[PDB]
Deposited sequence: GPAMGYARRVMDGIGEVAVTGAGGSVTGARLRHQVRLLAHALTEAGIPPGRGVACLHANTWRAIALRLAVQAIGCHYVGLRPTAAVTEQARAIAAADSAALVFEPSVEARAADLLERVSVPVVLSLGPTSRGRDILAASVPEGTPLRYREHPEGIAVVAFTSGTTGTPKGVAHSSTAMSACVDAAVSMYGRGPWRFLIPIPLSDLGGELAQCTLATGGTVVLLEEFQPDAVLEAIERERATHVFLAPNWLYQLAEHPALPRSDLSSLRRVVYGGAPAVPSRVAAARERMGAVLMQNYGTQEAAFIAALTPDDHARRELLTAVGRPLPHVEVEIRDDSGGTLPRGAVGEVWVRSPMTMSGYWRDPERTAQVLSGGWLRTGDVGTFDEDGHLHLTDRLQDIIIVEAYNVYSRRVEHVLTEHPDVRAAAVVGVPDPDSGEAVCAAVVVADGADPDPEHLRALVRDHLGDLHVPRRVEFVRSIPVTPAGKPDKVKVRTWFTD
């Protein structure tokens, strides 16, 4: 039964559940809030099969809200703070939302949204103009008819539907990666997506969530020492900022058992630097919206240069194959599409079987990534499938070219893209972020690529840029970079 997940999380909640700016929230008090919010949502006439769209910051009540939405047999639809109003609004409609719950601090955006899309019930976490204040008896669970816990939105936004079973499996995966708890887990990523699942993993294992509204290196350092945090999750760029910060050696981070980073391709040289400066606590995570968790790179893995280009070994119960355009399994060392079968994979795109069937086949999920396994069974990603540069029936993997460029001491980041060319097939182009106050020779960089990879991989055009543009999700916006060179 689908209510098993929400109950698992509830069941786990320990003495102290959340800490933040304002101070601590006991297990008791959080449990109470779930019951409260659950009852209020039930009473407001929200039926089991439907979604509850939620717009909030990184607050402890938002932790309760997700759990309440799931407990009452609904599917949580976390509205991403970085997303545009038109994307958020499309998401509310497509997810079959029976409600919009929002926090006062984002009433402006809530109003904006409600001009664009209609919704039966509009509720708010505290007094507000545009909605009814929920905050004014045991937890009464209902079952989602189709067992969905979460719908999270991605060309054009698809809604990834994750089962209650899949989210339960994620707890087991989290334990297998992060240690037995309790964890004091610092979460500065938004509670609307992975952040919110990590909070649930943390609660379920008897730990304490430590919330920050945003990432600042000073604040994270301070928080780790002050709350004696054991775990934290960072975007790769945040890792680099934290590791390179001047106050790091001054700070006491002896409490850390895991500094977790992922969600975007890592710069090997910057990771190596972080591994040196931060010690044996570095762990990388690889997943996708469709796949959830796939692989992790341990702190001991980070002590082999050869593995700094890897995502790591697949997690327990995660089957991975490398496959050709046809669909046949390739040998170790060969490069092809990464396919995944696991208890954590999506059920499908919400109310879209046509698109789902292009991505699932035989219980296997097409990640959209391309890569290969090494002799010791670590997965190495060479590219997003859309980012491969084809020259006359040869594959140039843009990440391999970036790795070489970024190894140069005067280069911090690189985005390599192809643009079409009749005489070269496609022309390799590189946007490069330079170090500090450095001024490397484009030709040295071309020469470096030429020595390591060969003639075809060498970028014709090299542009120095202040930063690599990112998507709202925080990934390299390689469609933007592509436009710079057309």
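- When the deposited sequence is numbered from 1, the segments without any C-alpha atom are 1, 138-143, 162-165, 498.
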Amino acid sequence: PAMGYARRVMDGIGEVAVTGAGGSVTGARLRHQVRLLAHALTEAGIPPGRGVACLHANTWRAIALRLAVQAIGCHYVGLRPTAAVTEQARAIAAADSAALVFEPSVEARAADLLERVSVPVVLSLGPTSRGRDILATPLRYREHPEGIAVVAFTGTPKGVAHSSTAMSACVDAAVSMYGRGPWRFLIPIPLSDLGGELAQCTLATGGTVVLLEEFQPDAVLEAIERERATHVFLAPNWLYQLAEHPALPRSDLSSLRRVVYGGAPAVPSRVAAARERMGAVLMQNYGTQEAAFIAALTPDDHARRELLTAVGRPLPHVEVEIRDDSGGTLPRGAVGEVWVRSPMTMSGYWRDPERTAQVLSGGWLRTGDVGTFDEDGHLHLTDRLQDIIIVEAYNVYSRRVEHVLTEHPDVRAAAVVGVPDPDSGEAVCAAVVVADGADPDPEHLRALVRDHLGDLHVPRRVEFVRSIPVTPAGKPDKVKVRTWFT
From here on, numbers count along this sequence of modelled residues.
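- In this crystal structure, the stretch out of 368-376 and 123-131 whose C-alpha atoms carry the higher mean B factor is 123-131.
- Higher mean CA B-factor, judged across 71-79 and 289-297 from the recorded values: 71-79.
- By the numbers in the PDB entry, the CA B factor is greatest at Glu143 among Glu143, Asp252, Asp193, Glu276.
- Within the listed group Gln33, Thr59, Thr26, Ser424, the record reports its top CA B-factor for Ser424.
- Among all modelled residues in its chain, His444 ranks in the middle third by Cα B-factor.
- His408 sits in the lowest third of its chain by CA B factor, as recorded in the PDB entry.
- In this PDB entry, the Cα temperature factor of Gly179 sits in the middle third of its chain's modelled residues.
- Among all modelled residues in this chain, the alpha-carbon of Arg50 has a temperature factor (C-alpha) in the highest third.
- Ranked against the other modelled residues of its chain, the C-alpha B-factor of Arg332 as given in the entry falls in the highest third.
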